[PDB]
């Protein structure tokens, strides 16, 4: 079925061993640093589940490298746009991750400069939606600037429950160097956080991209019209209602471009 195909392509298991998943994903981070001579990692810590998980895995990886006599560091970075309404949760995430370094970059003045220039040049105010994608891409710029200045790789938090819907900004939070969470469903990420001892508030809250000025903290499920339990059931190979398979297979097909390098005439996937 298409469901089986999507599961295979997104690397999803129906059942996991959380300890082994953690080992595999920390080992990946370590191996990628060994092979490339990298100095460590940078990651935006939002106060949401995914960045909490990826941040703790990163911290464990750099600690393990150092325990082996090597050199590595992790910079966690707060990236509010002005006042972030769930700053408290982001601080709690930092308290749990216990990163080597905890930095901050408020993206609002950059986003405002851009938005104001856009109207000055075109006569048009950006739509809230398009401004939201400017925010996500500005966060990419901020992380790549810290990584470039400090000699580090940019982690991304994409996982299977965002990949299937294409629920990320292309060259925004989609723009990263390496991905410790690939293949995990949303529920599976919660299981890994539990194994790691995370505070439950960080995985009980609603997932949100929090990109819109007019609809702040909008839940992903509100935007998508599909819940993470539906997504996860699909991705874990459960026998789900036909409405879920219809919705997800359409979104997956429509967003393939986000999961491929830019298309050329030599590629066949898009035809």
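Residue numbers count along the first chain shown, from 1.
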Of the two stretches 174 to 182 and 86 to 94, which shows the higher Cα B-factor on average in the entry? 86 to 94
Do the CA atoms of 239 to 247 or those of 62 to 70 have the higher mean B-factor in the entry? 62 to 70
According to the deposited entry, which of 162, 100, 200, 106 has the largest Cα B-factor? 200
When the entry's CA B-factors for 45, 38, 42, 57 are compared, the highest one belongs to 38
Sorting the chain's modelled residues by C-alpha B-factor, tell me whether residue 191 ends up in the lowest, middle or highest third. middle
Ranked C-alpha temperature factor of residue 210 among modelled chain residues, by third: middle
Among the modelled residues of its chain, the C-alpha B-factor of residue 26 falls in the third labelled lowest
Mind checking which third residue 117 falls in for C-alpha B-factor across the chain? middle
Sorting by Cα B-factor within the chain, modelled residues only, which third would residue 156 end up in: lowest, middle or highest? lowest
